[PDB]
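**Q**
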Amino acid sequence: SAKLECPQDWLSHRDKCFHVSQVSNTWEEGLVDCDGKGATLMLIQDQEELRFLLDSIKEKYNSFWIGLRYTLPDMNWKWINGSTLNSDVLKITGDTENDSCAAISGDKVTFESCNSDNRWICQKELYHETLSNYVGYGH
């Protein structure tokens, strides 16, 4: 499924194409690293996305930065490209009051400080979307 085309080093899914960098950086660094390919740091659209992530990720138990940043004031998560997180997919906080960014860890989404040494996922855009609600505390 290639809506538009992406390079061969990338896995295409619907309307984006992904690259799982198993090398570590901070969230901010991986973001800039994705920009290096003329790509963006991963902007999750749906559950199919993450399921396809799990297929490319494979190892699961690492931590891979995606373009998830908790935006204040709004207490929702926006992406770096200006897209908006599908909060209804997996465990992510709605209101946390932190500078916490999110990372793939396991089969789930997790969140930590952007300064940890984690790997990152880049997506090379075919399209982009916005749809979010509010998870609240996570309860």
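If you use our numbering, the sequence shown corresponds to residues 1 to 139, in order.
C-beta: ideal position from N, C-alpha, C; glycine also.
Here's the rule: buried if 16 or more other CB atoms are within 10 angstroms of the residue's CB, otherwise exposed. What is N118?
**A** Of the other Cβ atoms in all chains shown, 16 or more fall within 10 Å of the Cβ of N118; this residue is therefore buried.
**Q** What residues in its chain sit with their C-beta under 7 Å from that of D35, if we drop five residues either side in the sequence?
**A** none
**Q** Beta carbon of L43, beta carbon of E125: below 9 Å?
**A** yes
**Q** The beta strand (DSSP E) with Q47 in it runs from where to where?
**A** Segment 47-57 is the alpha helix (DSSP H) holding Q47; no beta strand (DSSP E) there.
**Q** Here's a check: name, in chain order, each residue in its chain whose Cβ is nearer than 8 Å to the Cβ of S56, leaving out the five neighbours to either side.
**A** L11, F18, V20
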